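No lab work stands behind these numbers, since they all come straight from the coordinates. Cβ: placed from backbone, ideal geometry, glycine included. Neighbour counts: every protein chain shown.
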Ligand SMILES: *[C@@H]1O[C@H](CO)[C@@H](O[C@@H]2O[C@H](CO)[C@@H](O)[C@H](O)[C@H]2NC(C)=O)[C@H](O)[C@H]1NC(C)=O
Ligand SMILES: *[C@@H]1O[C@H](CO)[C@@H](O[C@@H]2O[C@H](CO)[C@@H](O)[C@H](O)[C@H]2NC(C)=O)[C@H](O)[C@H]1NC(C)=O
Ligand SMILES: *[C@@H]1O[C@H](CO)[C@@H](O[C@@H]2O[C@H](CO)[C@@H](O)[C@H](O)[C@H]2NC(C)=O)[C@H](O)[C@H]1NC(C)=O
Ligand SMILES: *[C@@H]1O[C@H](CO)[C@@H](O[C@@H]2O[C@H](CO)[C@@H](O)[C@H](O)[C@H]2NC(C)=O)[C@H](O)[C@H]1NC(C)=O
Ligand SMILES: *[C@@H]1O[C@H](CO)[C@@H](O)[C@H](O)[C@H]1NC(C)=O
Ligand SMILES: *[C@@H]1O[C@H](CO)[C@@H](O)[C@H](O)[C@H]1NC(C)=O
Ligand SMILES: *[C@@H]1O[C@H](CO)[C@@H](O)[C@H](O)[C@H]1NC(C)=O
Ligand SMILES: *[C@@H]1O[C@H](CO)[C@@H](O)[C@H](O)[C@H]1NC(C)=O
Ligand SMILES: *[C@@H]1O[C@H](CO)[C@@H](O)[C@H](O)[C@H]1NC(C)=O
């Protein structure tokens with residue numbers, strides 16, 4: 001009942017958070033999947049003609065929404081701030097977060113490391129139609145998907161525009177701070193921004209200016225540690241990989257489901273129309289059509305459910321960008337484990353990777369405390385901080401750093417009569433006015 | 001179980017969940033709000049409640065002059081909460097509905113096996129023991145195509161229910177992270193006041 | 001324009017909030033449900049063989065999710081603080097929880 | 001205007017079989033109004049060097065519109081106004 005632990009040192013930690021934003025936009029042609037380029041089948045599909053656009057009114061409703069998830073996340077600023085020529089903002093090294101002007105690439109080092117980790121060459125994201133016509137490439141899965149009228153529409157924003165958005169966001173964070181989300185950007189030196197961000201945690205601003213070099217070294221070491229950890233590992237972006245794998249396996253299942261005959265005598269339209277006359281060939285083709293509509297229906301339903309899940313993740317990403325980047329958040333364990341300082345967004349294939357910078361106290365110490373001190377019959381309570389004892393003296397400190405101060409009347413406020421407070425002690429309060 | 005519809009057990013038992021709950025409550029009581037950031041820091045409960053009072057707008061001299069009244073009010077509120085869970089009968093209706101929906105869906109999936117889907121019978125034994133193999137394949141395939149639809153509908157409805165349960169689980173995780181491991185300033189998020 | 005109401009007393013209230021977290025995980029066997037333990041039916045189900053694993057890739061996708069929904073809610077601490085031997089934390093009674 | 005998915009502008013009439021098409025279709029397989037994007041050959045709209053907002057999105061950072069006789073133009077979408085902040 002009279003013991004308290006007060007930290008004496010701290011640490012700065014940079015953590016990763018990977019969230020998907022969008023999936024692959026897909027379009028489906030009813031003809032060349034149900035009726036394989038045959039005139040006899042296309043004369044029978046018209047009776048099901050209202051059952052097809054209902055698919056194309058759904059798959060085209062997801063895809064435009066897939067271009068709304070990205071621009072809600074990244075395009076949160078109406079100004080494109082240019083990247084500064086320097087990367088040393090008072091000891092804080094921003095070299096590997098911002099793009100390098102002396103390189104042909106428009107993406108930074110960590111952005112380059114996030115790429116070439118997601119194997120995008122498993123689906124039909126980049127596949128020309130020239131090599132699909134001839135050669136052994138006709139045995140590929142993508143060639144069959146294209147020959148069966150299943151394409152993948154390209155995204156609106158390229159990777160260069162998203163990289164420019166992230167570079168503008170990081171430049172606005174470095175040169176302006178929290179004030180470029182409200183109105184016009186207001187310049188401020190980065191040490192003052194760090195001091196103000198420290199003052200919103202419970203640590204007074206004199207702590208930063210007495211430990212600027214140590215904090216700069218810790219930040220640089222943490223950035224170098226997270227940068228090296230993205231090369232040795234093999235599984236760190238499994239969330240973004242699962243989306244590509246799921247879409248590719250769903251399209252492959254939809255392609256491979258054409259080998260089922262659905263109760264007919266054959267699974268192809270060519271050996272049915274070349275064996276049976278038109279009297280009884282219409283009762284086997286219709287079974288195939290009614291069976292091949294169900295595969296498209298199931299694919300559309302599963303795509304809609306996955307689109308809803310991806311939209312939920314994109315809304316969470318947009319909220320995290322609006323709250324944990326453009327300002328400082330007081331929500332516990334929202335961005336990063338601990339006391340949040342600031343965050344940096346990095347692009348990834350169909351996803352966003354957040355680097356959260358967090359403050360954690362490290363080394364504790366036992367202490368004996370007291371709820372209040374009464375001097376001459378009147379109780380004194382601490383204004384900001386707690387009363388503490390080092391063994392022989394009584395001081396008043398802050399709750400997140402051991403910085404002892406002499407108990408005066410400028411840091412205490414008076415109340416009570418010390419007959420009602422439980423645990424009150426006897427001590428003297430220094431008066432700074434004596435002639 | 002005779003139709004191949006089983007329910008798998010959960011990974012976490014009730015004892016482990018109760019241990020997690022007891023650990024969270026003990027960490028809140030002894031350490032406070034500081035065990036969700038880093039290492040747990042001990043502090044007396046009176047000073048912790050004084051600091052939590054200071055986050056509202058009420059100064060900390062109010063609690064130390066009224067500690068017994070606040071303690072008695074908290075104890076009476078806890079007692080009134082405990083007795084209100086014995087007399088009532090409809091207070092966990094959400095979880096009861098969650099259980100009942102799954103049970104009713106599985107029962108409906110079992111009972112949907114009595115439809116012949118246009119065939120001459122709803123069972124595979126009086127179809128294969130009357131008609132020869134020439135014309136029995138046109139009736140069994142109707143039953144198979146009919147019985148795939150029931151599984152498809154069941155899987156789709158289970159997916160939708162799983163999506164809404166995942167949304168509620170994310171809300172519960174946010175409530176546990178923001179209100180148990182600290183004190184939130186969001187109006188009407190956890191509590192009323 | 002010159003009147004204000006200020007409280008003079010307070011009260012401490014406890015409010016319960018119930019929330020579902022997980023539901024019942026389910027597995028479905030294709031061959032037992034569709035074909036009533038008969039060899040003639042199972043010889044025709046093979047042509048529908050791609051339609052069944054797609055079912056078992058969905059329900060099994062739900063169940064492994066339901067073991068996560070719990071661990072996101074309750075498993076938010078990496079340390080097991082033992083319950084103290086006392087239940088009187090400065091007058092506040094913790095004996096029920 | 002007509003956009004072909006993932007083809008080259010030289011191979012448009014070969015992969016569309018322009019000999020068997022209608023005479024009105026053959027004007028959309030070649031001509032002076034040909035643009036090459038990362039999504040494929042866009043035939044029907046002229047390309048301009050200006051940058052505006054997006055009206056009809058195509059893909060790979062290309063947006064078409066109906067500007068001034070009037071005709072369909074194509075360009076690259078503008079992300080925003082370029083700005084600079086003096087830091088010291
Ligand atoms: C907190 O810990 C850091 C190390 O994480 C200490 O930083 C050292 O400070 C001394 C001078 O005080 C320097 O000579 C060292 O180079 C610093 N680094 C290391 C790695 O030792 C810091 O002093 C600690 N603060 C305390 C104990 O109050
Ligand atoms: C703290 O100081 C007060 C005020 O002096 C003490 O209360 C009385 O002190 C006088 C001497 O000043 C003693 O003769 C009385 O016996 C004290 N009365 C009581 C009821 O204690 C008080 O004892 C001091 N110590 C503490 C722990 O409160
Ligand atoms: C606020 O209301 C409570 C009752 O809800 C009052 O508490 C009483 O306080 C007196 C001393 O002030 C004690 O002797 C009583 O035992 C308390 N309880 C009851 C049930 O009477 C409290 O005084 C009120 N505060 C005000 C009016 O300022
Ligand atoms: C004074 O404030 C202005 C406006 O906030 C700053 O902005 C512009 O800076 C550029 C580059 O130096 C100048 O060419 C412009 O004339 C400035 N004004 C406007 C309205 O565009 C300016 O940098 C600030 N002054 C200094 C010396 O930093
Ligand atoms: C910042 O980091 C880069 C890359 O590691 C390094 O070359 C440079 O010396 C560091 N410091 C400054 C002040 O740019
Ligand atoms: C703290 O608790 C101990 C053990 O019960 C007791 O002796 C002591 O008086 C208490 N101190 C205060 C200030 O309540
Ligand atoms: C706390 O509540 C329990 C259960 O009603 C009771 O037995 C006990 O006396 C109360 N007080 C203390 C100080 O434990
Ligand atoms: C199509 O054009 C691109 C870009 O010029 C070129 O790299 C590619 O080789 C061309 N394809 C063919 C088949 O000529
Ligand atoms: C548009 O830009 C291209 C590429 O630089 C150039 O060849 C062309 O002349 C420009 N057209 C104009 C300015 O009308």
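Within segment A:202-220, can you find the residues that are within 13 Å of ligand 5 (Cβ to nearest atom) and more than 13 Å from residue A:191 (Cβ to Cβ)?
Passing the criteria: A:217, A:220.
Just to be sure I understand the filter: pairs with C-beta atoms under 7 Å, separated by 6 or more residues or on different chains, first member in segment D:1-20 and more than 9 Å from chain A (Cβ to nearest Cβ) and farther than 19 Å from residue D:72 by Cβ, second member more than 16 Å from ligand 1 (Cβ to nearest atom) and outside any loop (DSSP other than H, G, I, E, B). Which pairs pass?
Hits for this filter: D:18/D:26.
Quick check on segment A:342-366: of everything there that is within 14 Å of chain B (Cβ to nearest Cβ), surrounded by fewer than 21 Cβ atoms within 10 Å (Cβ to Cβ) and not in a loop (DSSP other than H, G, I, E, B), which residue is farthest from ligand 7 (Cβ to nearest atom)? First the steps, then the outcome.
Keep residues of segment A:342-366 that are within 14 Å of chain B (Cβ to nearest Cβ), which gives A:356, A:358-366.
Narrowing further to those that are surrounded by fewer than 21 Cβ atoms within 10 Å (Cβ to Cβ): A:360, A:362-366.
From what is left, the residues that are not in a loop (DSSP other than H, G, I, E, B) are A:360, A:366.
On the way: A:360: 36, A:366: 26 Å.
Across segment A:342-366, the extreme among qualifying residues is A:360.
Among strands (runs of 3 or more DSSP E) lying entirely in segment A:367-435, which contain 1 or more residues that are away from every other protein chain (no Cβ under 13 Å), away from ligand 1 (no atom under 16 Å from the Cβ) and surrounded by fewer than 20 Cβ atoms within 10 Å (Cβ to Cβ)? Break it down into steps so the answer makes sense when it comes.
Details: elements: A:379-382, A:386-389, A:394-398, A:401-406, A:412-415.
Per the criteria, A:386-389, A:394-398, A:401-406.
Considering only residues that are out of contact with any helix residue (DSSP H, G or I) (no Cβ under 6 Å at 6 or more places or on another chain) and farther than 19 Å from residue A:244 by Cβ, look in segment A:116-136 and name the one that is nearest to ligand 2 (Cβ to nearest atom). Quick ask: steps written out before the conclusion?
The initial filter retains those residues of segment A:116-136 that are out of contact with any helix residue (DSSP H, G or I) (no Cβ under 6 Å at 6 or more places or on another chain), namely A:116-117, A:119-121, A:125-126, A:128-130, A:133-136.
Filter again for farther than 19 Å from residue A:244 by Cβ, leaving A:128-130, A:133-136.
On the way: A:128: 88, A:129: 90, A:130: 93, A:133: 96, A:134: 98, A:135: 95, A:136: 93 Å.
Within segment A:116-136, the match that is nearest to ligand 2 (Cβ to nearest atom) is A:128.
Which residue is nearest to residue A:191 (Cα to Cα), if the candidates are limited to segment A:74-92 and must be within 12 Å of ligand 5 (Cβ to nearest atom) and surrounded by fewer than 15 Cβ atoms within 10 Å (Cβ to Cβ)?
So, considering only residues that are within 12 Å of ligand 5 (Cβ to nearest atom) and surrounded by fewer than 15 Cβ atoms within 10 Å (Cβ to Cβ), the one nearest to residue A:191 (Cα to Cα) is A:90.
May I ask you to say which residue of D:28, D:75 is under 10 Å from the mean Cα position of the chain (by Cα) and crowded, with 16+ Cβ neighbours inside 10 Å?
Values: D:28 fails: under 10 Å from the mean Cα position of the chain (by Cα).
The match here is D:75.
Restricting to segment A:277-296, give me the number of residues that are over 30 Å from residue A:57 (Cβ atoms) and surrounded by fewer than 16 Cβ atoms within 10 Å (Cβ to Cβ).
5
Residue D:56 versus (1) more than 12 Å from every other protein chain (Cβ to nearest Cβ); (2) surrounded by fewer than 14 Cβ atoms within 10 Å (Cβ to Cβ); (3) touching a strand residue (DSSP E or B) at 6+ places or on another chain (Cβ under 6 Å): which is the lone unmet condition?
So residue D:56 meets the others, but not (1).
Collect the residues in segment A:387-419 that are in contact with a helix residue (DSSP H, G or I) (Cβ under 7 Å, 6 or more places away or on another chain) and closer than 19 Å to residue B:53 by Cα, keeping them in residue-number order. Walk me through how you get there before you give the answer.
Within segment A:387-419, the subset in contact with a helix residue (DSSP H, G or I) (Cβ under 7 Å, 6 or more places away or on another chain) is A:401, A:415-416.
Of everything in segment A:387-419, those that are in contact with a helix residue (DSSP H, G or I) (Cβ under 7 Å, 6 or more places away or on another chain) and closer than 19 Å to residue B:53 by Cα turn out to be A:415, A:416.
Buried (at least 17 other Cβ atoms within 10 Å of the Cβ), assigned to a loop (DSSP other than H, G, I, E, B), more than 16 Å from ligand 6 (Cβ to nearest atom) and within 14 Å of another protein chain (Cβ to nearest Cβ): does that describe residue A:155?
In short, yes.
For the structure I just gave you, tell me whether residue B:64 is within 25 Å of the chain's Cα centre (by Cα) and crowded, with 17+ Cβ neighbours inside 10 Å. Before the answer, list the steps.
Details: within 25 Å of the chain's Cα centre (by Cα): no; crowded, with 17+ Cβ neighbours inside 10 Å: yes.
Answer is no for this residue.
With (1) farther than 30 Å from residue A:59 by Cα; (2) assigned to a loop (DSSP other than H, G, I, E, B); (3) within 12 Å of another protein chain (Cβ to nearest Cβ) as the list, and residue A:181 as the residue in question, which single condition is left unmet?
(3)
What pairs can you find where one residue is in segment D:65-88 and facing chain A (nearest Cβ under 9 Å) and over 21 Å from residue D:43 (Cβ atoms), the other is outside any strand (DSSP E or B) and within 16 Å of ligand 5 (Cβ to nearest atom), and their Cβ atoms are less than 7 Å apart, with a gap of 6+ or different chains?
Qualifying pairs under 7 Å: D:87/A:84.
Looking only at segment B:116-152, how many residues end up being within 14 Å of chain A (Cβ to nearest Cβ), surrounded by 15 or more Cβ atoms within 10 Å (Cβ to Cβ) and within 27 Å of residue B:6 (Cβ to Cβ)?
10
Quick one: would you say residue C:49 is closer than 21 Å to residue B:102 by Cα and surrounded by fewer than 14 Cβ atoms within 10 Å (Cβ to Cβ)?
Values: closer than 21 Å to residue B:102 by Cα: no; surrounded by fewer than 14 Cβ atoms within 10 Å (Cβ to Cβ): yes.
No: the conditions fail for residue C:49.
If only one of A:272, A:285, A:265, A:289 is part of a helix (DSSP H, G or I) and within 14 Å of chain B (Cβ to nearest Cβ), which one is it? Steps first, please.
On the way: A:272 fails: within 14 Å of chain B (Cβ to nearest Cβ); A:285 fails: within 14 Å of chain B (Cβ to nearest Cβ); A:265 fails: part of a helix (DSSP H, G or I).
Result: A:289 is the single residue among A:272, A:285, A:265, A:289 that is part of a helix (DSSP H, G or I) and within 14 Å of chain B (Cβ to nearest Cβ).
Quick one: in segment A:162-199, which of the residues that are buried (at least 16 other Cβ atoms within 10 Å of the Cβ) and over 30 Å from residue D:81 (Cα atoms) is nearest to ligand 5 (Cβ to nearest atom)?
Top of the filtered list is A:195.
For residues that are within 12 Å of another protein chain (Cβ to nearest Cβ) and not in a loop (DSSP other than H, G, I, E, B), tally how many sit in segment D:33-53.
Within segment D:33-53, residues that are within 12 Å of another protein chain (Cβ to nearest Cβ) and not in a loop (DSSP other than H, G, I, E, B) number 1.
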